[PDB]
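Colleague: Handing over my_file-v5.csv, CSV, C-alpha atoms.
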chain,number,residue,atom,x,y,z
A,1,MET,CA,3.4,-7.3,-16.9
A,2,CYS,CA,6.8,-8.4,-15.4
A,3,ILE,CA,9.9,-6.7,-14.1
A,4,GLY,CA,12.6,-6.5,-16.7
A,5,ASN,CA,16.4,-6.8,-16.5
A,6,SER,CA,16.2,-9.5,-13.8
A,7,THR,CA,17.0,-13.2,-13.6
A,8,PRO,CA,14.5,-15.9,-12.9
A,9,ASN,CA,15.3,-15.9,-9.3
A,10,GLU,CA,14.8,-12.2,-9.0
A,11,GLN,CA,11.4,-12.4,-10.7
A,12,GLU,CA,10.4,-15.3,-8.5
A,13,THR,CA,11.5,-13.7,-5.3
A,14,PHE,CA,10.0,-10.3,-6.1
A,15,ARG,CA,6.7,-12.0,-6.9
A,16,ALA,CA,6.7,-13.6,-3.5
A,17,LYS,CA,7.3,-10.3,-1.7
A,18,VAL,CA,4.4,-8.6,-3.6
A,19,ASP,CA,2.1,-11.4,-2.5
A,20,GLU,CA,3.3,-11.0,1.1
A,21,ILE,CA,3.0,-7.3,1.5
A,22,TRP,CA,-0.3,-7.4,-0.3
A,23,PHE,CA,-1.6,-9.9,2.2
A,24,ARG,CA,-0.2,-7.8,5.0
A,25,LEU,CA,-1.9,-4.6,3.8
A,26,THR,CA,-5.3,-5.9,2.6
A,27,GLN,CA,-5.6,-9.1,4.6
A,28,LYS,CA,-6.4,-10.9,1.3
A,29,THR,CA,-4.5,-13.0,-1.2
A,30,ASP,CA,-6.0,-11.5,-4.4
A,31,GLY,CA,-9.0,-9.5,-5.4
A,32,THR,CA,-9.5,-5.8,-5.4
A,33,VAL,CA,-9.8,-3.1,-2.7
A,34,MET,CA,-10.9,0.5,-2.2
A,35,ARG,CA,-8.4,3.0,-3.3
A,36,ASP,CA,-8.5,5.1,-0.1
A,37,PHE,CA,-8.1,2.0,1.9
A,38,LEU,CA,-4.9,0.8,0.0
A,39,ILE,CA,-3.3,4.2,0.2
A,40,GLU,CA,-4.0,4.5,3.9
A,41,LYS,CA,-2.5,1.1,4.7
A,42,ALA,CA,0.5,1.7,2.4
A,43,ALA,CA,1.2,5.1,4.0
A,44,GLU,CA,1.4,3.9,7.6
A,45,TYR,CA,3.4,0.9,6.5
A,46,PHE,CA,5.9,2.5,4.1
A,47,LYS,CA,6.4,5.9,5.8
A,48,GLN,CA,9.6,6.8,7.5
A,49,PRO,CA,10.0,7.3,11.3
A,50,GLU,CA,9.9,11.1,11.2
A,51,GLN,CA,7.4,11.4,8.2
A,52,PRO,CA,3.9,12.8,8.7
A,53,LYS,CA,1.3,10.2,7.6
A,54,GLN,CA,-0.4,12.9,5.6
A,55,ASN,CA,2.8,13.3,3.6
A,56,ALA,CA,3.1,9.6,3.0
A,57,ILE,CA,-0.6,9.6,1.8
A,58,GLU,CA,0.0,12.4,-0.7
A,59,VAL,CA,3.1,10.9,-2.1
A,60,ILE,CA,1.6,7.5,-2.5
A,61,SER,CA,-1.7,8.8,-3.8
A,62,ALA,CA,0.1,10.8,-6.5
A,63,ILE,CA,2.2,7.9,-7.6
A,64,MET,CA,-1.0,5.7,-7.8
A,65,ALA,CA,-1.7,7.7,-11.0
A,66,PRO,CA,-5.4,7.1,-11.6
A,67,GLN,CA,-6.9,9.6,-9.0
A,68,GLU,CA,-10.4,8.6,-10.1
A,69,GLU,CA,-9.9,4.8,-10.1
A,70,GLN,CA,-12.1,3.4,-7.3
A,71,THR,CA,-10.5,-0.1,-6.9
A,72,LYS,CA,-6.9,-1.2,-6.7
A,73,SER,CA,-5.6,-4.8,-7.2
A,74,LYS,CA,-2.4,-6.7,-6.4
A,75,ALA,CA,-1.2,-5.6,-9.8
A,76,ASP,CA,-1.2,-2.0,-8.7
A,77,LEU,CA,1.0,-2.9,-5.7
A,78,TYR,CA,3.2,-5.0,-7.9
A,79,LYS,CA,3.7,-2.0,-10.1
A,80,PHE,CA,4.4,0.4,-7.2
A,81,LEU,CA,7.1,-1.8,-5.5
A,82,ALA,CA,8.6,-2.5,-8.9
A,83,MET,CA,9.3,1.2,-9.5
A,84,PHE,CA,10.8,1.9,-6.1
A,85,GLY,CA,13.0,-1.0,-4.9
A,86,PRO,CA,12.3,-2.9,-1.6
A,87,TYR,CA,9.8,-1.6,0.9
A,88,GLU,CA,12.4,-0.7,3.5
A,89,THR,CA,13.7,2.3,1.5
A,90,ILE,CA,10.8,2.9,-0.8
A,91,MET,CA,10.5,6.4,0.5
A,92,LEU,CA,14.2,7.1,-0.1
A,93,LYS,CA,14.1,6.0,-3.8
A,94,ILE,CA,11.0,8.1,-4.4
A,95,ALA,CA,12.6,11.1,-2.8
A,96,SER,CA,15.6,10.6,-5.1
A,97,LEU,CA,13.6,10.5,-8.4
A,98,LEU,CA,11.2,13.2,-7.5
A,99,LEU,CA,14.1,15.3,-6.1
A,100,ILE,CA,15.4,15.7,-9.7
A,101,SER,CA,12.0,15.7,-11.5
A,102,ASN,CA,10.7,18.6,-9.4
A,103,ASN,CA,13.8,20.7,-10.0
A,104,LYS,CA,14.3,20.0,-13.8
A,105,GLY,CA,10.9,20.8,-15.3
A,106,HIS,CA,8.5,18.3,-13.7
A,107,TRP,CA,9.0,15.8,-16.5
A,108,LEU,CA,7.9,12.7,-14.5
A,109,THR,CA,4.4,11.3,-14.9
A,110,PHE,CA,2.5,8.4,-13.5
A,111,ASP,CA,-0.9,8.7,-15.2
A,112,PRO,CA,-1.5,5.7,-17.4
A,113,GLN,CA,-1.5,6.2,-21.2
A,114,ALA,CA,1.4,8.5,-20.4
A,115,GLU,CA,3.0,7.0,-23.5
A,116,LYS,CA,0.1,7.7,-25.8
A,117,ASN,CA,0.8,11.4,-25.0
A,118,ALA,CA,4.5,11.0,-25.4
A,119,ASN,CA,4.3,10.4,-29.2
A,120,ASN,CA,2.4,13.7,-29.4
A,121,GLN,CA,5.6,15.4,-28.3
A,122,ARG,CA,8.7,16.5,-30.2
A,123,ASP,CA,10.9,19.0,-28.4
A,124,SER,CA,9.9,18.2,-24.8
A,125,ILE,CA,11.0,16.0,-22.0
A,126,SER,CA,8.8,13.2,-20.6
A,127,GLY,CA,9.6,10.4,-18.2
A,128,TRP,CA,7.3,7.5,-17.3
A,129,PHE,CA,7.5,3.9,-16.1
A,130,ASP,CA,6.7,1.3,-18.7
A,131,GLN,CA,3.3,-0.3,-18.1
A,132,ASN,CA,4.3,-3.9,-18.8
A,133,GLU,CA,7.8,-3.5,-17.2
A,134,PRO,CA,7.1,-1.4,-14.1
A,135,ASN,CA,10.7,-1.3,-12.9
A,136,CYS,CA,11.8,0.3,-16.1
A,137,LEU,CA,11.8,4.1,-16.5
A,138,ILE,CA,11.6,5.3,-20.2
A,139,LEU,CA,13.0,8.8,-20.6
A,140,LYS,CA,12.1,10.8,-23.7
A,141,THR,CA,14.8,13.5,-24.1
A,142,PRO,CA,15.4,15.7,-27.1
A,143,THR,CA,18.5,13.6,-27.9
A,144,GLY,CA,16.5,10.3,-28.0
A,145,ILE,CA,15.1,7.7,-25.5
A,146,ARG,CA,17.0,6.4,-22.5
A,147,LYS,CA,16.3,3.4,-20.4
A,148,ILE,CA,17.1,3.0,-16.8
A,149,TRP,CA,16.1,0.0,-14.6
A,150,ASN,CA,15.4,0.0,-10.8
A,151,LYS,CA,16.5,-3.1,-8.9
A,152,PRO,CA,13.4,-4.0,-6.9
A,153,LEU,CA,15.4,-6.1,-4.5
A,154,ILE,CA,18.3,-3.8,-3.8
A,155,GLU,CA,17.8,-1.2,-1.0
A,156,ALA,CA,18.6,2.5,-1.4
A,157,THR,CA,22.0,2.0,0.2
A,158,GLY,CA,23.1,-0.1,-2.7
A,159,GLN,CA,23.4,0.6,-6.4
A,160,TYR,CA,19.8,0.2,-7.4
A,161,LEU,CA,20.1,1.5,-11.0
A,162,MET,CA,21.2,-0.1,-14.2
A,163,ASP,CA,21.0,1.4,-17.7
A,164,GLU,CA,20.8,-0.4,-21.0
A,165,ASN,CA,24.6,-0.3,-21.3
A,166,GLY,CA,24.8,-2.2,-18.0
A,167,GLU,CA,26.3,0.6,-15.9
A,168,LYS,CA,25.1,0.6,-12.3
A,169,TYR,CA,24.4,3.8,-10.4
A,170,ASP,CA,24.1,4.8,-6.7
A,171,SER,CA,20.7,6.5,-7.0
A,172,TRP,CA,18.5,8.7,-9.2
A,173,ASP,CA,20.5,11.7,-8.1
A,174,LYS,CA,23.9,10.2,-9.0
A,175,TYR,CA,22.6,9.1,-12.4
A,176,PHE,CA,21.0,12.3,-13.4
A,177,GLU,CA,24.3,14.0,-12.6
A,178,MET,CA,26.4,11.7,-14.8
A,179,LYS,CA,23.7,11.7,-17.6
A,180,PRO,CA,22.1,15.1,-17.3
A,181,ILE,CA,18.7,15.5,-18.9
A,182,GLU,CA,19.4,18.7,-20.9
A,183,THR,CA,22.5,20.4,-22.3
A,184,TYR,CA,22.5,24.1,-23.0
A,185,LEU,CA,25.2,26.8,-22.7
A,186,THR,CA,25.2,29.3,-19.9
A,187,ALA,CA,28.8,30.6,-20.4
A,188,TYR,CA,29.0,34.4,-20.8
A,189,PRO,CA,31.8,36.9,-21.6
A,190,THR,CA,32.7,39.4,-18.9
A,191,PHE,CA,34.9,42.4,-19.8
A,192,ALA,CA,35.2,43.5,-16.2
Would you mind writing the structure in this file as structure tokens?

Modeller:
Amino acid sequence: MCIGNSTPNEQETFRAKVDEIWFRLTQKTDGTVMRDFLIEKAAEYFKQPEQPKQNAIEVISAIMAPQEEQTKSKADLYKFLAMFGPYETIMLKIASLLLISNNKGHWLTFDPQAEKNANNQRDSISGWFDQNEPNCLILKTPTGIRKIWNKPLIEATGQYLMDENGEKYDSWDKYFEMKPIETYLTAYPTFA
């Protein structure tokens, strides 16, 4: 498990930050912790000024895929920060991906083994984050498979996206506008 499309410095620096925030949230340097405890701490720490803690809890909880997984380790936090850039705008990057996913068919999934269920699909849309490369979102569209990388170190204000071709994007909104998920005609004759 390691962030992809990043240089050695980026991987090294990202690793440090994960160790830091983990220590700051669990008051440990490794080991595991109770699920409800990690979500609680992450919520009050990653929420926005005007965001209800309950809302931060629901959002984080959903993203922490296994709803029935009692313990959570530093790997789980590593995974979470890898998908949504730095912790300063974590809630902004999530708002952006979800913003599109909830208004385009609810194609995003966090539940592990989300890939083993993707092969059992032909004419459907499915998007999940790679398990061994957390910052990479694999999109399964009717026209093939796309790859888009989140820059864990770049805040929401910057261009935190980067596809396989190397093109950078302002956010999940901007990208799913330039590269729409589906393409179907809606034009219609009008003999008014």

Colleague: For the point (5.0, -4.6, -6.6) in the file's frame, write as a PyMOL selection string all residues with an atom no more than 8 Å away, counting all atoms listed in the file.

Modeller: chain A and resi 14-15+17-18+74-83

Colleague: I'd like a table as a tab-separated table: residues in segment 137-172 of chain A with an atom no more than 8 Å from segment 88-106 of chain A, each row giving the shortest atom pair and its distance in Å to one decimal, all atoms listed in the file counted, sorted by chain and rising residue number.

Modeller:
residue	atom	partner	partner_atom	distance
A:155	CA	A:89	CA	5.9
A:156	CA	A:89	CA	5.7
A:171	CA	A:96	CA	6.8
A:172	CA	A:97	CA	5.3

Colleague: In Å, rounded to a single decimal, give me how far atom CA of residue 140 of chain A is from atom CA of residue 112 of chain A.

Modeller: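 Going from atom CA of residue 112 of chain A over to atom CA of residue 140 of chain A, I get 15.8 Å.
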
Colleague: With only C-alpha atoms as the basis for distance, which of A:55, A:159, A:135, A:143 is at the shortest distance from residue 11 of chain A?

Modeller: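 Residue with the minimum atom-to-atom distance to residue 11 of chain A: A:135.
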
Colleague: Of the candidates A:183, A:73, A:42, A:87, which shows the shortest atom-to-atom distance to residue 59 of chain A, using all atoms listed in the file?

Modeller: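 Among the listed residues, the smallest separation from residue 59 of chain A belongs to A:42.
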
Colleague: One number please: atom CA of residue 123 of chain A to atom CA of residue 142 of chain A, in Å, one decimal.

Modeller: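 Result for atom CA of residue 123 of chain A versus atom CA of residue 142 of chain A: 5.7 Å, one decimal.
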
Colleague: To one decimal in Å, tell me the separation between atom CA of residue 1 of chain A and atom CA of residue 35 of chain A.

Modeller: 20.7 Å

Colleague: Quick one: of A:56, A:16, A:25, A:181, who's nearest to residue 107 of chain A, counting only C-alpha atoms?

Modeller: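 Closest candidate: A:181.
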
Colleague: Within 12 Å of (-9.0, -3.9, 3.9), all atoms listed in the file: residues as a list in words?

Modeller: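 Counting all atoms listed in the file, I find these residues within 12 Å of (-9.0, -3.9, 3.9): residues 22, 23, 24, 25, 26, 27, 28, 29, 30, 31, 32, 33, 34, 35, 36, 37, 38, 39, 40, 41, 42, 71, 72 and 73 of chain A.
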
Colleague: Which is closest to residue 167 of chain A among A:52, A:185, A:65, A:148, if we use all atoms listed in the file?

Modeller: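 Looking only at the distances to residue 167 of chain A, the closest residue turns out to be A:148.
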